[PDB]
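Quick notes on the structure that follows.
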Amino acid sequence: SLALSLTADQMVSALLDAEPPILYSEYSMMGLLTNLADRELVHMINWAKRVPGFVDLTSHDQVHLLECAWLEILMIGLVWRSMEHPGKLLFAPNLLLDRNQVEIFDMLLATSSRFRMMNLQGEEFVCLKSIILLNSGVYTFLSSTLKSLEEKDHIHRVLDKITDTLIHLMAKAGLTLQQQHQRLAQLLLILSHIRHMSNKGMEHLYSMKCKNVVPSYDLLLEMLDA
Amino acid sequence: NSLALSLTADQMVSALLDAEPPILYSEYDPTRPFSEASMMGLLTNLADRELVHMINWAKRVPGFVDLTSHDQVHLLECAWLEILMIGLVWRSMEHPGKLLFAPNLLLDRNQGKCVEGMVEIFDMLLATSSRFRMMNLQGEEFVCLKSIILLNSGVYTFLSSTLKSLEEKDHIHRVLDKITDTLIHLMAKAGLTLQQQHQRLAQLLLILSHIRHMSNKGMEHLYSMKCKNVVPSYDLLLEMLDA
């Protein structure tokens with residue numbers, strides 16, 4: 001795969017080039033956010049197709065990864081957009097919501113603060129978002145065929161490429177070897193929090209009777225082949 | 001203040017190894033075949049006994065007791081199921097296809113079916129054991145990972161402002177940096193190149209994200225069965241910590 005030949009700088013360029021635009025709300029709160037997330041999803045699918053290595057996978061494995069990652073991806077984008085607005089979640093430039101408008105809100109806000117405190121760079125962000133896409137679903141492949149084993153191996157190799165890329169960016173920025181490893185750890189541990197927030201978000205989508213809103217396997221499959 | 005941040009990599013490993021809890025047994029000779037209730041009974045009984053020893057273990061994780069009692073409990077509240085789960089996965093590593101809940105309670109995938117919605121978590125736990133096996137996870141790495149879960153899982157949900165809260169969060173991040181250094185030291189000692197060290201560290205920390213997911217699914221299923229009574233309260237944890 002061409003993905004496994006990329007330098008750190010090419011991987012970053014690829015991910016930066018693939019970035020979706022920031023969309024605006026049409027501007028009911030749940031109505032606006034749902035409409036926005038639906039439009040974001042179309043772009044996420046096209047973004048995913050541009051993440052190096054992703055289209056080397058079967059369609060089935062592409063969908064499984066997107067099924068497992070979609071809410072975490074939306075969330076990390078939200079946190080990134082909100083970074084320079086302490087106390088507020090910038091769902092869109094015309095939909096900026098404060099804490100008063102809560103437990104999920106608070107978790108999202110804590111994550112933005114952590115990104116701010118770490119001075120998270122755009123190049124690091126796109127790497128993290130790609131890790132989420134490839135990592136979130138990799139441990140729940142149901143098949144045990146040779147093909148499935150080959151697919152999981154490929155994902156882990158691309159994930160290794162993204163690690164190397166993160167370390168390269170840090171070394172370029174002048175971090176010592178020790179600082180490089182510590183910052184890599186700090187970034188990857190936040191992913192564990194993003195998973196948690198996705199899980200809480202999902203359970204809250206269900207709790208509001210919005211089970212209709214999560215993209216099915218079939219929806220994603222049809223969107224991928226489109 | 002605290003000498004936790006002054007430990008070397010070797011002292012940190014020694015501390016964590018020394019702090020490791022015992023392996024407990026399940027209730028002896030239960031009525032086999034299991035019902036849903038009796039399976040849940042055995043696991044609950046086991047988890048409850050394990051919890052006491054986890055708290056003793058936690059108190060020996062360097063830096064943990066430098067935190068307020070409130071922050072200690074918050075961390076344990078957020079991590080307890082992930083901690084039980086990673087212990088289960090480690091115990092089961094050398095038993096492919098099976099979950100070694102205890103030396104006298106080894107369960108294969110088919111026995112997960114004896115409780116509704118159980119088999120999917122069973123499957124995720126088994127996939128994780130396979131991943132640990134494939135990576136040849138070492139005991140010294142495992143104790144590092146288990147400590148990361150304890151300190152990391154709840155750190156982002158001290159939403160508190162204030163100097164004390166900032167100091168607490170900073171201390172946790174510093175101890176977490178110390179555990180990272182320790183993991184890297186172990187890898188370098190074992191002869192890994194710099195590139196291999198960073199890649200293995202990443203692979204280990206990314207599995208933590210799957211353990212979180214499994215904890216969340218487990219919890220949602222505990223609730224779904226009407227077992228909210230099974231999760232340790234703030235008060236229980238606090239009383240066990242001060243004991």
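How things are named: the first chain in the structure tokens is A, the next is B, and so on; residues count from 1 in each chain; ligands count from 1 in the order shown.
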Sel. of strand (DSSP E) residues, region 39-101 of chain A, as number ranges by chain: A: 88-92, 95-98
Those residues you just picked out, can you put them in a file as a short mmCIF file (atom, residue, chain, number, x, y, z; two decimals), in the first residue's frame with N, CA and C atoms?
```
data_model
loop_
_atom_site.label_atom_id
_atom_site.label_comp_id
_atom_site.auth_asym_id
_atom_site.auth_seq_id
_atom_site.Cartn_x
_atom_site.Cartn_y
_atom_site.Cartn_z
N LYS A 88 -17.43 27.40 26.14
CA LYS A 88 -18.44 27.26 25.07
C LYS A 88 -18.10 26.14 24.10
N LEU A 89 -19.16 25.53 23.54
CA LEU A 89 -19.05 24.53 22.48
C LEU A 89 -19.53 25.14 21.16
N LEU A 90 -18.59 25.25 20.21
CA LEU A 90 -18.82 25.83 18.88
C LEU A 90 -19.26 24.70 17.96
N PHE A 91 -20.55 24.33 18.05
CA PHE A 91 -21.12 23.30 17.16
C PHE A 91 -20.96 23.75 15.70
N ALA A 92 -21.21 25.04 15.48
CA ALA A 92 -20.95 25.72 14.21
C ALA A 92 -20.65 27.18 14.50
N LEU A 95 -23.62 28.64 15.88
CA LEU A 95 -24.25 27.85 16.92
C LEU A 95 -23.23 27.58 18.03
N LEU A 96 -23.03 28.59 18.88
CA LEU A 96 -22.04 28.58 19.95
C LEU A 96 -22.83 28.52 21.25
N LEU A 97 -22.66 27.42 22.01
CA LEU A 97 -23.49 27.12 23.19
C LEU A 97 -22.65 27.06 24.46
N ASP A 98 -23.11 27.74 25.52
CA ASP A 98 -22.41 27.76 26.81
C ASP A 98 -23.01 26.67 27.70
#
```
Residue 179 (chain B) surroundings by only C-alpha atoms, 12 Å radius, close-in-sequence under 3 positions cut, as number ranges by chain: A: 181-182, 185-186; B: 4-5, 7-13, 15-16, 61-63, 140-152, 172-176, 182-186, 201, 205
Selection from above, N, CA and C atoms, as a CSV table (one decimal), in the first residue's frame, can you write it?
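File produced: selection31.csv:
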```csv
chain,number,residue,atom,x,y,z
A,181,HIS,N,7.9,11.2,23.8
A,181,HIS,CA,7.2,10.0,24.2
A,181,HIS,C,6.1,10.4,25.2
A,182,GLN,N,6.4,11.3,26.0
A,182,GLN,CA,5.4,11.8,27.0
A,182,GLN,C,4.2,12.4,26.4
A,185,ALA,N,2.0,9.8,24.6
A,185,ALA,CA,1.2,9.2,25.6
A,185,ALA,C,0.0,10.1,26.0
A,186,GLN,N,0.2,11.4,26.2
A,186,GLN,CA,-0.8,12.3,26.7
A,186,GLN,C,-1.9,12.4,25.6
B,4,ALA,N,6.9,10.6,45.3
B,4,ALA,CA,6.4,9.8,44.2
B,4,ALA,C,7.1,10.2,42.8
B,5,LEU,N,7.2,11.5,42.5
B,5,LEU,CA,7.7,11.9,41.3
B,5,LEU,C,9.3,11.9,41.2
B,7,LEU,N,10.8,8.9,42.1
B,7,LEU,CA,11.1,7.5,41.8
B,7,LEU,C,11.8,7.4,40.4
B,8,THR,N,12.8,6.5,40.4
B,8,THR,CA,13.4,6.1,39.1
B,8,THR,C,12.4,5.1,38.4
B,9,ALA,N,12.7,4.8,37.1
B,9,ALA,CA,11.9,3.8,36.3
B,9,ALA,C,11.9,2.5,37.0
B,10,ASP,N,13.1,2.0,37.5
B,10,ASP,CA,13.2,0.7,38.2
B,10,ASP,C,12.5,0.6,39.5
B,11,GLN,N,12.5,1.7,40.3
B,11,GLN,CA,11.7,1.8,41.5
B,11,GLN,C,10.2,1.8,41.3
B,12,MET,N,9.8,2.5,40.3
B,12,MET,CA,8.4,2.6,39.9
B,12,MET,C,7.9,1.1,39.6
B,13,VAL,N,8.6,0.4,38.7
B,13,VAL,CA,8.3,-0.9,38.4
B,13,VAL,C,8.2,-1.8,39.6
B,15,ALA,N,7.8,-1.0,42.8
B,15,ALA,CA,6.6,-0.5,43.5
B,15,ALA,C,5.3,-1.2,43.0
B,16,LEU,N,5.1,-1.1,41.7
B,16,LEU,CA,3.9,-1.6,41.0
B,16,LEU,C,3.8,-3.1,41.2
B,61,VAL,N,-0.2,2.7,44.5
B,61,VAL,CA,0.2,3.2,43.3
B,61,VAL,C,0.9,4.5,43.6
B,62,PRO,N,2.2,4.7,43.2
B,62,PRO,CA,2.9,6.0,43.6
B,62,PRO,C,2.2,7.2,43.1
B,63,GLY,N,2.0,8.2,44.0
B,63,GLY,CA,1.2,9.4,43.7
B,63,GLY,C,-0.2,9.4,44.1
B,140,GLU,N,5.5,-6.6,33.6
B,140,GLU,CA,5.9,-5.3,34.0
B,140,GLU,C,5.2,-4.2,33.2
B,141,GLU,N,4.8,-4.4,31.9
B,141,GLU,CA,4.0,-3.6,31.1
B,141,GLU,C,2.6,-3.5,31.6
B,142,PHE,N,2.0,-4.7,31.9
B,142,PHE,CA,0.7,-4.8,32.4
B,142,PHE,C,0.4,-4.0,33.7
B,143,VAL,N,1.3,-4.1,34.7
B,143,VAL,CA,1.1,-3.3,35.9
B,143,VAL,C,1.2,-1.8,35.6
B,144,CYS,N,2.0,-1.4,34.7
B,144,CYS,CA,2.1,0.0,34.2
B,144,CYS,C,0.7,0.4,33.6
B,145,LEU,N,0.2,-0.4,32.7
B,145,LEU,CA,-1.1,-0.1,32.1
B,145,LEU,C,-2.2,0.0,33.1
B,146,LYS,N,-2.3,-0.9,34.1
B,146,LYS,CA,-3.3,-1.0,35.0
B,146,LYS,C,-3.3,0.3,35.8
B,147,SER,N,-2.1,0.8,36.2
B,147,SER,CA,-1.9,2.1,36.9
B,147,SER,C,-2.3,3.3,36.1
B,148,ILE,N,-2.0,3.3,34.8
B,148,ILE,CA,-2.5,4.3,33.8
B,148,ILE,C,-4.0,4.5,33.8
B,149,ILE,N,-4.7,3.3,33.8
B,149,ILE,CA,-6.2,3.3,33.8
B,149,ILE,C,-6.7,3.9,35.1
B,150,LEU,N,-6.1,3.6,36.2
B,150,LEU,CA,-6.5,4.2,37.5
B,150,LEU,C,-6.4,5.7,37.5
B,151,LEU,N,-5.3,6.2,37.0
B,151,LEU,CA,-5.0,7.7,37.1
B,151,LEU,C,-5.6,8.4,36.0
B,152,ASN,N,-5.8,7.8,34.8
B,152,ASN,CA,-6.3,8.4,33.6
B,152,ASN,C,-7.8,8.5,33.5
B,172,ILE,N,-1.4,14.3,38.8
B,172,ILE,CA,-1.8,13.2,38.1
B,172,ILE,C,-1.1,13.1,36.7
B,173,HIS,N,-1.1,14.2,36.0
B,173,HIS,CA,-0.4,14.2,34.6
B,173,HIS,C,1.1,13.9,34.8
B,174,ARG,N,1.7,14.5,35.8
B,174,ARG,CA,3.1,14.2,36.1
B,174,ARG,C,3.4,12.7,36.4
B,175,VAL,N,2.5,12.1,37.3
B,175,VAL,CA,2.7,10.7,37.6
B,175,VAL,C,2.5,9.8,36.3
B,176,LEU,N,1.5,10.2,35.5
B,176,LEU,CA,1.2,9.5,34.2
B,176,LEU,C,2.5,9.6,33.3
B,182,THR,N,8.6,5.0,32.4
B,182,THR,CA,8.8,3.7,32.9
B,182,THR,C,8.6,2.6,31.9
B,183,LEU,N,7.5,2.7,31.1
B,183,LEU,CA,7.2,1.8,30.0
B,183,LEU,C,8.3,1.9,28.9
B,184,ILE,N,8.7,3.1,28.6
B,184,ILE,CA,9.8,3.3,27.6
B,184,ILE,C,11.1,2.7,28.1
B,185,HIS,N,11.4,2.9,29.4
B,185,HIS,CA,12.6,2.3,30.0
B,185,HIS,C,12.6,0.8,29.8
B,186,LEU,N,11.5,0.1,30.2
B,186,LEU,CA,11.3,-1.3,30.1
B,186,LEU,C,11.6,-1.8,28.6
B,201,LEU,N,4.5,1.5,22.6
B,201,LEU,CA,3.8,2.4,23.6
B,201,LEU,C,2.4,2.8,23.0
B,205,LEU,N,-1.3,1.9,24.6
B,205,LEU,CA,-2.2,2.9,25.0
B,205,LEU,C,-3.6,2.9,24.2
```
9 Å contacts from chain A to chain B using only C-alpha atoms, as a PDB file with N, CA, C and O atoms, in the first residue's frame:
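The new file iface_1.pdb reads:
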```pdb
ATOM      1  N   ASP A 106     -19.970  19.179  29.862  1.00  0.00           N
ATOM      2  CA  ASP A 106     -18.855  19.358  30.777  1.00  0.00           C
ATOM      3  C   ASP A 106     -17.646  18.531  30.377  1.00  0.00           C
ATOM      4  O   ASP A 106     -16.527  18.989  30.478  1.00  0.00           O
ATOM      5  N   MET A 107     -17.880  17.285  29.945  1.00  0.00           N
ATOM      6  CA  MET A 107     -16.817  16.421  29.484  1.00  0.00           C
ATOM      7  C   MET A 107     -16.178  16.951  28.201  1.00  0.00           C
ATOM      8  O   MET A 107     -14.949  16.865  28.047  1.00  0.00           O
ATOM      9  N   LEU A 109     -16.153  20.141  27.262  1.00  0.00           N
ATOM     10  CA  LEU A 109     -15.449  21.350  27.696  1.00  0.00           C
ATOM     11  C   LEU A 109     -14.111  21.024  28.364  1.00  0.00           C
ATOM     12  O   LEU A 109     -13.137  21.726  28.140  1.00  0.00           O
ATOM     13  N   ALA A 110     -14.071  19.970  29.197  1.00  0.00           N
ATOM     14  CA  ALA A 110     -12.835  19.544  29.848  1.00  0.00           C
ATOM     15  C   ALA A 110     -11.828  19.112  28.825  1.00  0.00           C
ATOM     16  O   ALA A 110     -10.640  19.404  28.964  1.00  0.00           O
ATOM     17  N   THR A 111     -12.296  18.463  27.756  1.00  0.00           N
ATOM     18  CA  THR A 111     -11.417  18.024  26.681  1.00  0.00           C
ATOM     19  C   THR A 111     -10.827  19.205  25.882  1.00  0.00           C
ATOM     20  O   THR A 111      -9.670  19.188  25.526  1.00  0.00           O
ATOM     21  N   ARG A 114      -8.115  20.673  28.020  1.00  0.00           N
ATOM     22  CA  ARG A 114      -6.948  19.823  27.914  1.00  0.00           C
ATOM     23  C   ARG A 114      -6.197  20.094  26.580  1.00  0.00           C
ATOM     24  O   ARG A 114      -4.991  20.268  26.590  1.00  0.00           O
ATOM     25  N   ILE A 131      -6.411   8.273  13.806  1.00  0.00           N
ATOM     26  CA  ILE A 131      -6.248   7.196  14.760  1.00  0.00           C
ATOM     27  C   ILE A 131      -7.592   6.665  15.271  1.00  0.00           C
ATOM     28  O   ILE A 131      -7.796   5.448  15.332  1.00  0.00           O
ATOM     29  N   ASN A 135      -8.631   2.955  14.758  1.00  0.00           N
ATOM     30  CA  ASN A 135      -8.486   2.208  16.017  1.00  0.00           C
ATOM     31  C   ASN A 135      -9.803   1.759  16.624  1.00  0.00           C
ATOM     32  O   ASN A 135      -9.873   0.675  17.196  1.00  0.00           O
ATOM     33  N   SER A 136     -10.845   2.594  16.515  1.00  0.00           N
ATOM     34  CA  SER A 136     -12.024   2.433  17.335  1.00  0.00           C
ATOM     35  C   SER A 136     -12.722   1.099  17.085  1.00  0.00           C
ATOM     36  O   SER A 136     -13.202   0.490  18.030  1.00  0.00           O
ATOM     37  N   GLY A 137     -12.700   0.644  15.829  1.00  0.00           N
ATOM     38  CA  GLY A 137     -13.393  -0.557  15.406  1.00  0.00           C
ATOM     39  C   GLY A 137     -12.526  -1.786  15.159  1.00  0.00           C
ATOM     40  O   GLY A 137     -13.055  -2.860  14.890  1.00  0.00           O
ATOM     41  N   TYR A 139     -10.707  -3.797  17.036  1.00  0.00           N
ATOM     42  CA  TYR A 139     -10.717  -4.900  18.032  1.00  0.00           C
ATOM     43  C   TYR A 139     -12.040  -5.655  18.036  1.00  0.00           C
ATOM     44  O   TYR A 139     -12.176  -6.641  18.770  1.00  0.00           O
ATOM     45  N   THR A 140     -13.008  -5.191  17.230  1.00  0.00           N
ATOM     46  CA  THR A 140     -14.333  -5.811  17.117  1.00  0.00           C
ATOM     47  C   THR A 140     -14.666  -6.320  15.716  1.00  0.00           C
ATOM     48  O   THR A 140     -15.855  -6.417  15.376  1.00  0.00           O
ATOM     49  N   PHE A 141     -13.637  -6.663  14.924  1.00  0.00           N
ATOM     50  CA  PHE A 141     -13.859  -7.451  13.697  1.00  0.00           C
ATOM     51  C   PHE A 141     -14.355  -8.892  13.955  1.00  0.00           C
ATOM     52  O   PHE A 141     -13.661  -9.683  14.587  1.00  0.00           O
ATOM     53  N   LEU A 142     -15.574  -9.207  13.487  1.00  0.00           N
ATOM     54  CA  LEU A 142     -16.273 -10.457  13.863  1.00  0.00           C
ATOM     55  C   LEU A 142     -15.700 -11.670  13.144  1.00  0.00           C
ATOM     56  O   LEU A 142     -15.610 -12.773  13.695  1.00  0.00           O
ATOM     57  N   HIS A 156      -3.099  -1.925  11.784  1.00  0.00           N
ATOM     58  CA  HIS A 156      -2.062  -1.730  12.794  1.00  0.00           C
ATOM     59  C   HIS A 156      -0.771  -1.123  12.194  1.00  0.00           C
ATOM     60  O   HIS A 156      -0.158  -0.274  12.796  1.00  0.00           O
ATOM     61  N   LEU A 159      -1.585   2.535  11.589  1.00  0.00           N
ATOM     62  CA  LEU A 159      -1.557   3.143  12.934  1.00  0.00           C
ATOM     63  C   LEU A 159      -0.112   3.405  13.391  1.00  0.00           C
ATOM     64  O   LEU A 159       0.175   4.482  13.964  1.00  0.00           O
ATOM     65  N   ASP A 160       0.794   2.462  13.100  1.00  0.00           N
ATOM     66  CA  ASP A 160       2.234   2.644  13.350  1.00  0.00           C
ATOM     67  C   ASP A 160       2.817   3.788  12.558  1.00  0.00           C
ATOM     68  O   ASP A 160       3.635   4.572  13.082  1.00  0.00           O
ATOM     69  N   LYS A 161       2.370   3.908  11.306  1.00  0.00           N
ATOM     70  CA  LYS A 161       2.767   5.044  10.448  1.00  0.00           C
ATOM     71  C   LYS A 161       2.316   6.380  11.055  1.00  0.00           C
ATOM     72  O   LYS A 161       3.077   7.374  11.030  1.00  0.00           O
ATOM     73  N   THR A 163       1.720   6.976  14.329  1.00  0.00           N
ATOM     74  CA  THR A 163       2.606   7.166  15.474  1.00  0.00           C
ATOM     75  C   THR A 163       3.948   7.798  15.070  1.00  0.00           C
ATOM     76  O   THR A 163       4.366   8.788  15.651  1.00  0.00           O
ATOM     77  N   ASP A 164       4.633   7.184  14.091  1.00  0.00           N
ATOM     78  CA  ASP A 164       5.875   7.732  13.556  1.00  0.00           C
ATOM     79  C   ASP A 164       5.689   9.211  13.130  1.00  0.00           C
ATOM     80  O   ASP A 164       6.579  10.021  13.334  1.00  0.00           O
ATOM     81  N   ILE A 167       5.440  11.517  16.209  1.00  0.00           N
ATOM     82  CA  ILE A 167       6.789  11.673  16.751  1.00  0.00           C
ATOM     83  C   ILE A 167       7.660  12.604  15.870  1.00  0.00           C
ATOM     84  O   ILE A 167       8.390  13.462  16.392  1.00  0.00           O
ATOM     85  N   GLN A 178      12.494  12.429  25.375  1.00  0.00           N
ATOM     86  CA  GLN A 178      11.632  12.193  26.513  1.00  0.00           C
ATOM     87  C   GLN A 178      10.307  12.906  26.352  1.00  0.00           C
ATOM     88  O   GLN A 178       9.266  12.321  26.611  1.00  0.00           O
ATOM     89  N   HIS A 181       7.932  11.205  23.757  1.00  0.00           N
ATOM     90  CA  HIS A 181       7.217  10.023  24.183  1.00  0.00           C
ATOM     91  C   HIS A 181       6.095  10.368  25.166  1.00  0.00           C
ATOM     92  O   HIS A 181       4.996   9.808  25.098  1.00  0.00           O
ATOM     93  N   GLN A 182       6.354  11.344  26.038  1.00  0.00           N
ATOM     94  CA  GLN A 182       5.388  11.783  27.018  1.00  0.00           C
ATOM     95  C   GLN A 182       4.183  12.435  26.365  1.00  0.00           C
ATOM     96  O   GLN A 182       3.049  12.200  26.776  1.00  0.00           O
ATOM     97  N   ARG A 183       4.420  13.284  25.366  1.00  0.00           N
ATOM     98  CA  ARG A 183       3.335  13.961  24.646  1.00  0.00           C
ATOM     99  C   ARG A 183       2.527  13.011  23.797  1.00  0.00           C
ATOM    100  O   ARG A 183       1.323  13.102  23.754  1.00  0.00           O
ATOM    101  N   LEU A 184       3.193  12.066  23.136  1.00  0.00           N
ATOM    102  CA  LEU A 184       2.488  10.995  22.448  1.00  0.00           C
ATOM    103  C   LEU A 184       1.536  10.240  23.395  1.00  0.00           C
ATOM    104  O   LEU A 184       0.357  10.097  23.090  1.00  0.00           O
ATOM    105  N   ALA A 185       2.031   9.834  24.567  1.00  0.00           N
ATOM    106  CA  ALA A 185       1.190   9.214  25.582  1.00  0.00           C
ATOM    107  C   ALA A 185      -0.013  10.081  26.026  1.00  0.00           C
ATOM    108  O   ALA A 185      -1.153   9.615  26.120  1.00  0.00           O
ATOM    109  N   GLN A 186       0.245  11.371  26.246  1.00  0.00           N
ATOM    110  CA  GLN A 186      -0.794  12.292  26.675  1.00  0.00           C
ATOM    111  C   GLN A 186      -1.892  12.409  25.624  1.00  0.00           C
ATOM    112  O   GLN A 186      -3.081  12.403  25.939  1.00  0.00           O
ATOM    113  N   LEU A 188      -2.644  10.141  23.190  1.00  0.00           N
ATOM    114  CA  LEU A 188      -3.350   8.871  23.057  1.00  0.00           C
ATOM    115  C   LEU A 188      -4.288   8.555  24.227  1.00  0.00           C
ATOM    116  O   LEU A 188      -5.345   7.964  24.026  1.00  0.00           O
ATOM    117  N   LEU A 189      -3.916   8.978  25.442  1.00  0.00           N
ATOM    118  CA  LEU A 189      -4.777   8.816  26.606  1.00  0.00           C
ATOM    119  C   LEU A 189      -6.056   9.654  26.548  1.00  0.00           C
ATOM    120  O   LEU A 189      -7.087   9.239  27.014  1.00  0.00           O
ATOM    121  N   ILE A 190      -6.011  10.812  25.892  1.00  0.00           N
ATOM    122  CA  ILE A 190      -7.228  11.605  25.671  1.00  0.00           C
ATOM    123  C   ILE A 190      -8.228  10.833  24.804  1.00  0.00           C
ATOM    124  O   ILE A 190      -9.412  10.992  24.971  1.00  0.00           O
ATOM    125  N   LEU A 191      -7.738   9.987  23.895  1.00  0.00           N
ATOM    126  CA  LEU A 191      -8.611   9.153  23.053  1.00  0.00           C
ATOM    127  C   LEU A 191      -9.503   8.262  23.861  1.00  0.00           C
ATOM    128  O   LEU A 191     -10.673   8.024  23.509  1.00  0.00           O
ATOM    129  N   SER A 192      -8.984   7.800  25.005  1.00  0.00           N
ATOM    130  CA  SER A 192      -9.754   7.022  25.927  1.00  0.00           C
ATOM    131  C   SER A 192     -10.945   7.816  26.506  1.00  0.00           C
ATOM    132  O   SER A 192     -12.072   7.291  26.607  1.00  0.00           O
ATOM    133  N   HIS A 193     -10.720   9.093  26.801  1.00  0.00           N
ATOM    134  CA  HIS A 193     -11.795   9.990  27.206  1.00  0.00           C
ATOM    135  C   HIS A 193     -12.828  10.280  26.096  1.00  0.00           C
ATOM    136  O   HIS A 193     -14.023  10.350  26.376  1.00  0.00           O
ATOM    137  N   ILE A 194     -12.359  10.439  24.853  1.00  0.00           N
ATOM    138  CA  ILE A 194     -13.250  10.656  23.704  1.00  0.00           C
ATOM    139  C   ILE A 194     -14.162   9.427  23.514  1.00  0.00           C
ATOM    140  O   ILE A 194     -15.355   9.582  23.264  1.00  0.00           O
ATOM    141  N   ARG A 195     -13.613   8.215  23.699  1.00  0.00           N
ATOM    142  CA  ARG A 195     -14.418   6.989  23.618  1.00  0.00           C
ATOM    143  C   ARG A 195     -15.523   7.042  24.642  1.00  0.00           C
ATOM    144  O   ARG A 195     -16.672   6.739  24.340  1.00  0.00           O
ATOM    145  N   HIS A 196     -15.163   7.412  25.883  1.00  0.00           N
ATOM    146  CA  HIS A 196     -16.075   7.478  26.980  1.00  0.00           C
ATOM    147  C   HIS A 196     -17.219   8.436  26.673  1.00  0.00           C
ATOM    148  O   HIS A 196     -18.389   8.093  26.820  1.00  0.00           O
ATOM    149  N   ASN A 199     -19.577   7.015  24.118  1.00  0.00           N
ATOM    150  CA  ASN A 199     -20.440   6.031  24.762  1.00  0.00           C
ATOM    151  C   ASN A 199     -21.559   6.691  25.569  1.00  0.00           C
ATOM    152  O   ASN A 199     -22.721   6.264  25.483  1.00  0.00           O
ATOM    153  N   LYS A 200     -21.223   7.757  26.312  1.00  0.00           N
ATOM    154  CA  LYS A 200     -22.224   8.490  27.076  1.00  0.00           C
ATOM    155  C   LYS A 200     -23.201   9.208  26.156  1.00  0.00           C
ATOM    156  O   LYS A 200     -24.387   9.173  26.401  1.00  0.00           O
ATOM    157  N   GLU A 203     -25.676   6.710  24.623  1.00  0.00           N
ATOM    158  CA  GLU A 203     -26.648   6.290  25.609  1.00  0.00           C
ATOM    159  C   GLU A 203     -27.672   7.402  25.885  1.00  0.00           C
ATOM    160  O   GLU A 203     -28.829   7.141  26.195  1.00  0.00           O
TER     161      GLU A 203
END
```
DSSP-assigned alpha helix (DSSP H) members of region 17-84 of chain A, reported as a PyMOL selection string: chain A and resi 17+29-49+59-82
Near-region 3-13 of chain A list (7 Å; only C-alpha atoms; drop same-chain fewer than 6 positions) as a tab-separated table (two decimals) with C-alpha atoms, in the first residue's frame:
```tsv
chain	number	residue	atom	x	y	z
A	52	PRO	CA	-4.13	6.84	3.74
A	53	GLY	CA	-4.76	3.07	3.96
A	123	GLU	CA	-1.14	18.66	12.40
A	158	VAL	CA	-1.07	2.34	9.22
A	161	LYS	CA	2.77	5.04	10.45
A	164	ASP	CA	5.88	7.73	13.56
A	165	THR	CA	4.23	10.86	12.02
A	168	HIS	CA	8.31	13.30	13.63
```
What's the 8 Å shell around residue 241 (chain B), counting only C-alpha atoms, without same-chain residues fewer than 4 positions away, as a PDB file with N, CA and C atoms, in the first residue's frame?
```pdb
ATOM      1  N   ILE B  55      -8.603  -1.518  46.150  1.00  0.00           N
ATOM      2  CA  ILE B  55      -8.418  -0.320  46.937  1.00  0.00           C
ATOM      3  C   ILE B  55      -7.058  -0.325  47.638  1.00  0.00           C
ATOM      4  N   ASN B  56      -6.620  -1.482  48.151  1.00  0.00           N
ATOM      5  CA  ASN B  56      -5.317  -1.618  48.820  1.00  0.00           C
ATOM      6  C   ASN B  56      -4.179  -1.427  47.818  1.00  0.00           C
ATOM      7  N   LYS B  59      -3.884   2.382  46.764  1.00  0.00           N
ATOM      8  CA  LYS B  59      -3.151   3.131  47.805  1.00  0.00           C
ATOM      9  C   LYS B  59      -1.643   3.027  47.671  1.00  0.00           C
ATOM     10  N   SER B  69      -8.817  12.554  49.409  1.00  0.00           N
ATOM     11  CA  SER B  69      -9.690  11.384  49.469  1.00  0.00           C
ATOM     12  C   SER B  69     -10.807  11.426  48.429  1.00  0.00           C
ATOM     13  N   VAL B  73     -11.413   8.645  45.417  1.00  0.00           N
ATOM     14  CA  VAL B  73     -12.670   7.950  45.182  1.00  0.00           C
ATOM     15  C   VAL B  73     -13.185   8.184  43.757  1.00  0.00           C
ATOM     16  N   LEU B 237     -16.614   3.169  48.608  1.00  0.00           N
ATOM     17  CA  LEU B 237     -15.230   3.323  48.163  1.00  0.00           C
ATOM     18  C   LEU B 237     -14.445   4.150  49.177  1.00  0.00           C
TER      19      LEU B 237
END
```
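The closest residue to residue 99 (chain B), picked from B:229, B:14, B:162, B:129 and counting only C-alpha atoms, is B:129.
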